[PDB]
Q: 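Please find one structure pasted underneath; my questions will follow.
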Amino acid sequence: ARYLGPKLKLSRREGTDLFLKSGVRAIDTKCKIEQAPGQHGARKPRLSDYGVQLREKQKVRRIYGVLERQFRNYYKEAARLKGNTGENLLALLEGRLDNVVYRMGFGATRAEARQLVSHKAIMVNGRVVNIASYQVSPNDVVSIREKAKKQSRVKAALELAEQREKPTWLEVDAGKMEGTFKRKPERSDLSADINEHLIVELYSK
Amino acid sequence: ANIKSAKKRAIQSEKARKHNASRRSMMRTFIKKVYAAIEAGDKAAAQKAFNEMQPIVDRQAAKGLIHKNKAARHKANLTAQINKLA
Amino acid sequence: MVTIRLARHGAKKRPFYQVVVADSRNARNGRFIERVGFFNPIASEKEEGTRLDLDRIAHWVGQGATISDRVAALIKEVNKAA
Amino acid sequence: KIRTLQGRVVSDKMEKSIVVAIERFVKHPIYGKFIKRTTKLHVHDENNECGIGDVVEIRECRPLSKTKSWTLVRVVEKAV
RNA sequence: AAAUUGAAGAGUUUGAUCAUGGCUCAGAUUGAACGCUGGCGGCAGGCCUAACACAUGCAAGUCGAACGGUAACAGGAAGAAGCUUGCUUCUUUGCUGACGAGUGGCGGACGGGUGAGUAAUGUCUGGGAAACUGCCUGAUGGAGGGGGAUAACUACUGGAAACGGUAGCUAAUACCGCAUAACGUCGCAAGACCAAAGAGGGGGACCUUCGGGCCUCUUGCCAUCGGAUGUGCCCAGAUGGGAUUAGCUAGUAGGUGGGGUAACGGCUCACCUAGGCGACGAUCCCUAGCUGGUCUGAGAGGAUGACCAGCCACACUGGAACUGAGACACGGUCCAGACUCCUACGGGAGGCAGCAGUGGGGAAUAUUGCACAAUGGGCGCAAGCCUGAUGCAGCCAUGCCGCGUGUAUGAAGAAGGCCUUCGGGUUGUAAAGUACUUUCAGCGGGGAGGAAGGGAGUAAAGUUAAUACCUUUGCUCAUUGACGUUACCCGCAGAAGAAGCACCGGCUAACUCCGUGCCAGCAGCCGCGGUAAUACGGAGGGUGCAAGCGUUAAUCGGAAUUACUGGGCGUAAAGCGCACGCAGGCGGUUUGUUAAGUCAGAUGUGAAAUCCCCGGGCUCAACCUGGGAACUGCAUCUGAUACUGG
Ligand SMILES: [Mg+2]
Ligand SMILES: [Mg+2]
Ligand SMILES: [Mg+2]
Ligand SMILES: [Mg+2]
Ligand SMILES: [Mg+2]
Ligand SMILES: [Mg+2]
Ligand SMILES: [Mg+2]
Ligand SMILES: [Mg+2]
Ligand SMILES: [Mg+2]
Ligand SMILES: [Mg+2]
Ligand SMILES: [Mg+2]
Ligand SMILES: [Mg+2]
Ligand SMILES: [Mg+2]
Ligand SMILES: [Mg+2]
Ligand SMILES: [Mg+2]
Ligand SMILES: [Mg+2]
Ligand SMILES: [Mg+2]
Ligand SMILES: [Mg+2]
Ligand SMILES: [Mg+2]
Ligand SMILES: [Mg+2]
Ligand SMILES: [Mg+2]
Ligand SMILES: [Mg+2]
Ligand SMILES: [Mg+2]
Ligand SMILES: [Mg+2]
Ligand SMILES: [Mg+2]
Ligand SMILES: [Mg+2]
Ligand SMILES: [Mg+2]
Ligand SMILES: [Mg+2]
Ligand SMILES: [Mg+2]
Ligand SMILES: [Mg+2]
Ligand SMILES: [Mg+2]
Ligand SMILES: [Mg+2]
Ligand SMILES: [Mg+2]
Ligand SMILES: [Mg+2]
Ligand SMILES: [Mg+2]
Ligand SMILES: [Mg+2]
Ligand SMILES: [Mg+2]
Ligand SMILES: [Mg+2]
């Protein structure tokens with residue numbers, strides 16, 4: 001139910017950094033970042049219209065750690081919801097607990113944050129939530145529970161976090177290891193070389 | 001029958017059947033006497049017979065052997081015809 | 001006769017009852033005449049959990065409808081609540 | 001409260017009965033054209049006052065025979 | 001506030017083209033199966049085939065507060081004794097807590113199963129009038145005085161069994177007279193006529209035949225008029241196909257009268273009239289349970305009727321009625337048929353389309369489980385008893401949803417493999433190493449909720465002669481969970497036990513080498529294979545999915561490819577060889593009228609669930625749930641009169 005294999009392969013295939021490692025290292029010193037995996041990585045894909053749509057959807061999925069079934073269901077919900085579907089898809093992803101745990105800096109990666117969640121190290125409103133896809137709401141307070149507070153992963157995670165751009169819609173107290181999901185992120189909060197409308201196109205045909 | 005009470009019910013329903021049959025046969029007899037008088041043209045015999053019949057079609061109604069409406073028609077019908085002749 | 005009782009809906013281990021007026025012979029979750037309340041035994045009790053249209057319940061009693069042991073309890077409980 | 005039908009007499013042969021035809025236009029469920037439909041009713045005519053071709057007003061009543069559940073109310077127009 | 005605010009195209013005829021036209025693909029969906037693989041959980045689903053046949057258990061009982069009663073076990077007792085003098089065992093007696101068999105009452109018409117039959121004594125929508133209706137309910141009165149029986153039992157007797165035969169004998173809320181009898185039935189009326197049943201709980205003077213009287217309350221019984229629920233009946237529209245089926249019909253269509261039903265009715269019979277149905281599809285033939293809804297589609301449609309709910313029909317096959325408020329009875333009766341079982345050979349017995357289970361058929365569909373704790377049904381004043389309804393558990397990846405199978409760091413980037421022009425590229429931060437976490441599975445510890453009630457006491461009110469009893473409502477005490485090792489929470493051990501499947505020529509995301517050589521083989525469509533095959537088969541690499549993945553089957557979509565919305569017929573499939581013409585469709589222009597079509601409004605109905613919208617509850621989700629909106633439909637009334645019809 002989770003992708004467990006090599007991670008930089010995914011970045012290499014999509015042509016971009018997917019933040020699947022902590023960021024302690026320039027990614028180009030860990031892999032040949034600008035070349036696809038495999039014997040024929042140097043080869044260029046003269047890539048069809050379907051192809052660009054597929055790869056964009058894969059990219060987003062691989063960023064958030066979501067497999068097809070759940071992600072399709074995410075599209076369905078984005079569509080059902082009011083307002084722009086493409087933007088609704090990203091709101092839903094960005095509201096996941098494993099994700100939010102990552103953005104408050106409690107985990108070096110979404111993979112690490114997910115493990116924190118699954119392993120009962122995260123509370124929401126002082127209540128233990130251990131499922132990664134838990135949808136987090138405005139004004140919620142997610143926190144590292146007392147017993148998980150001395151984990152060195154978390155301190156390192158918060159350090160790296162302090163060096164990333166700081167997300168607007170979250171208020172994080174690094175000392176308490178608690179943080180507040182102030183509001184749903186706008187579209188403008190999220191990276192601009194994500195092409196949701198391509199993903200929207202892939203799932204309407 | 002297979003079930004204990006099913007057996008008992010068949011026994012009771014047979015008893016009731018022979019009870020009802022007996023009273024019902026009696027009743028129709030007393031109804032038939034009236035129609036027979038009518039068909040012979042006698043007011044008195046037919047009125048007399050109607051008077052014997054009345055209390056028993058009424059009673060068998062009260063006793064559930066027949067419904068009230070049946071008792072009534074019989075009285076209505078015979079009364080109609082006997083009057084129409086004398 | 002006509003009776004007022006609980007038809008058990010909800011899910012496994014999470015009972016949820018629909019209070020209904022019905023011909024007592026029909027199945028518990030089958031044909032009914034009128035729906036008249038509900039009863040959640042698993043309500044958090046932070047908010048609601050038991051709602052009865054007492055006006056229509058009484059109307060039906062006035063016309064001879066009987067009442068479950070469990071509905072007879074709910075009614076005394078709800079009458080106490082307010 | 002007098003529910004009623006209007007139609008014309010297609011047969012007056014029977015003793016104290018009549019056959020009445022009620023005709024109406026109806027939208028076709030699929031192709032939209034308006035189609036003629038007819039409903040023939042066996043109706044009671046005590047006194048046989050209804051002639052064939054007459055236009056008559058009829059009403060629904062209890063069963064009068066295997067096929068009669070309607071009786072005559074009154075004649076409207078006659079002998080065209 | 002919101003609540004249908006939604007719609008894609010690709011390959012393939014040709015040397016190439018445009019058109020025509022079929023085939024094929026991308027999508028959703030499934031009660032699925034098979035092949036490979038397979039960790040946990042929540043919720044759902046699970047004989048689609050043979051309405052084939054079924055061993056065994058279980059699935060309908062209950063009331064001693066209707067009745068005679070004791071045979072079991074349980075006490076109790078004058079009196080027998082265990083006697084070691086209060087502990088007792090048996091002989092006895094229903095004395096009573098109870099209770100086998102029996103009469104009696106209520107239930108066995110519900111609940112549960114199936115879809116064979118049925119194109120209509122069906123269903124859906126909407127209306128009618130001639131009716132019954134247990135239990136529950138409001139109203140008003142009865143509940144008087146008698147009689148003959150009978151099961152059980154007793155004696156004698158026949159049977160292998162099933163089950164009988166004689167004569168005794170006895171009870172009742174079993175059964176029948178008699179009285180009483182109207183706001184009931186018949187009748188214009190005068191009049192005439194119809195019923196019943198007791199049983200318990202407690203008790204003050206009072207007293208006897210010590211049974212009770214009598215006092216009191218509960219409950220059942222009878223009558224009549226209502227309510228509520230259920231059911232029967234009637235009309236209209238709609239609800240499959242076929243003309244290689246065009247005529248059908250004697251109870252047939254109607255009328256009169258008798259009979260009949262709970263009730264209208266050719267329901268039935270006699271007589272009379274000669275009708276009734278049919279091209280607006282009768283008759284005949286094929287098929288089929290109908291609906292809410294389900295799947296698909298932007299919609300209009302198309303397909304469909306498991307799981308949930310409503311109606312119908314059936315209960316081995318054909319027929320029949322008896323009992324009953326209700327049945328022509330799913331675990332009742334009778335007859336006939338098919339079939340099976342028992343037998344001492346003479347005779348008997350049974351009907352899983354209830355729940356498990358078996359054989360058979362099949363590509364294929366589960367345990368001969370636990371519990372009445374909860375909801376609900378039957379009986380009972382109750383306690384309670386019964387409940388394969390139901391709640392649960394087992395089995396299966398069948399589906400949906402959730403989670404895991406680790407996280408981070410880790411380079412000249414090892415070995416091995418693979419490609420290479422031998423420079424190197426790749427597998428690949430992948431692995432090893434380094435720290436780090438412990439969900440789930442394992443193991444110990446603790447521990448919600450589904451529980452409302454019911455039981456003893458108590459107190460107050462209504463009762464009443466009464467502080468009894470009864471009933472209601474408060475109080476305290478001790479109690480009721482099949483699931484269950486529950487949900488959930490804490491602790492321990494270690495990355496430890498948890499990854500496979502299909503694909504990579506174009507459509508279509510993913511390319512190379514070796515082997516083979518029109519072979520072996522692939523193939524949804526085009527089309528691959530005779531020496532460079534990205535198409536066969538293996539490998540390395542890659543793509544897509546992931547506890548699944550593929551293949552097959554199946555509906556709709558794309559298919560504007562049955563075209564109502566939404567197409568065509570000169571040469572592509574398609575104008576009858578030509579004309580006349582009935583039915584039918586359509587019909588110039590003016591006025592008046594009508595108001596069926598059409599339009600408007602109002603009212604009722606359109607079950608709930610489902611779908612959709614906004615909320616609420618399970619850690620999330622599936623799932624459960626509140627309210628709304630929607631059900632685009634039907635019907636009645638009242639209007640409007642331009643258009644269509646008269
Ligand atoms: Mg999954
Ligand atoms: Mg008559
Ligand atoms: Mg060619
Ligand atoms: Mg296997
Ligand atoms: Mg299950
Ligand atoms: Mg079965
Ligand atoms: Mg007994
Ligand atoms: Mg009696
Ligand atoms: Mg009398
Ligand atoms: Mg008496
Ligand atoms: Mg007649
Ligand atoms: Mg069939
Ligand atoms: Mg079923
Ligand atoms: Mg089933
Ligand atoms: Mg159903
Ligand atoms: Mg039969
Ligand atoms: Mg009868
Ligand atoms: Mg039936
Ligand atoms: Mg059976
Ligand atoms: Mg087989
Ligand atoms: Mg190497
Ligand atoms: Mg565990
Ligand atoms: Mg509890
Ligand atoms: Mg490609
Ligand atoms: Mg292949
Ligand atoms: Mg080769
Ligand atoms: Mg197909
Ligand atoms: Mg079409
Ligand atoms: Mg065409
Ligand atoms: Mg020419
Ligand atoms: Mg041609
Ligand atoms: Mg020509
Ligand atoms: Mg005018
Ligand atoms: Mg929630
Ligand atoms: Mg809802
Ligand atoms: Mg609602
Ligand atoms: Mg509805
Ligand atoms: Mg005109």
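So that the names make sense, note that chain A is the first sequence line, chain B the second, and so on, each numbered from 1.
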Q: Taking the minimum atom-to-atom distance to the side chain of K205(A), which one of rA8(E), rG254(E), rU429(E) wins?
A: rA8(E)
Q: I'd like to know if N130(A) reaches the base of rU619(E) with its side chain such that a donor and an acceptor end up less than 3.5 angstrom apart.
A: yes
Q: With a 3.5 Å cut-off and heavy atoms only, can you find an N or O donor on one side and an acceptor on the other between the side chain of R70(C) and the base of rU375(E)?
A: no
Q: Would you indicate, from the sign of the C1'-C2'-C3'-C4' dihedral, whether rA622(E) has a north or a south sugar?
A: north
Q: Contact between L8(A) and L20(A) at the side-chain level, heavy atoms closer than 4.5 Å - yes or no?
A: no
Q: In terms of the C1'-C2'-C3'-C4' torsion, is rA71(E) a north or a south sugar?
A: south
Q: In this structure, how many angstroms lie between the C1' atom of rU185(E) and the CG atom of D58(B), rounded?
A: 6 Å
Q: Think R145(A) has a side-chain N or O under 4.0 angstrom from the OP1 or OP2 of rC490(E)?
A: yes
Q: Taking N and O atoms by type only, does the side chain of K30(A) place a donor or acceptor under 3.5 Å from a partner on the base of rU429(E)?
A: no
Q: Is the phosphate of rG597(E), meaning OP1 or OP2, less than 4.0 Å from a side-chain N or O of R37(D)?
A: no
Q: Taking a pair to be Watson-Crick or G-U wobble with both distances under 3.5 Å, do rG362(E) and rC284(E) qualify?
A: no
Q: OP1 or OP2 of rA411(E) versus the side-chain N and O atoms of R25(A): is any pair under 4.0 Å?
A: yes
Q: Considering only atom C1', compute the distance from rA197(E) to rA139(E) and round it to an integer number of Å.
A: 23 Å
Q: Tell me, do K75(B) and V57(B) make a side-chain contact under 4.5 Å, heavy atoms counted?
A: yes
Q: Does the side chain of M177(A) come within less than 4.5 Å of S143(A)'s, by heavy atoms?
A: no
Q: Looking at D69(C), I want to see if its CG is surrounded by more than 12 non-hydrogen atoms of other residues, nucleotides or ligands under 6.0 Å.
A: no
Q: On the side chain of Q54(B), is there an atom forming a donor-acceptor pair with the base of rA192(E) - under 3.5 Å, no angle test?
A: yes
Q: Both distances under 3.5 Å, Watson-Crick or G-U wobble: report the partner of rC25(E), or none.
A: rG9(E)
Q: Is the number of heavy atoms from other residues, nucleotides or ligands under 6.0 Å of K7(B) NZ greater than 12?
A: yes
Q: What is the distance, rounded to the nearest whole Å, between atom CG of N2(B) and atom P of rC58(E)?
A: 13 Å
Q: Please report, rounded to the nearest Å, how far the P atom of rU543(E) is from the NZ atom of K9(A).
A: 6 Å
Q: Kindly check the sign of the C1'-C2'-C3'-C4' torsion at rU216(E) and name the resulting pucker, north or south.
A: north
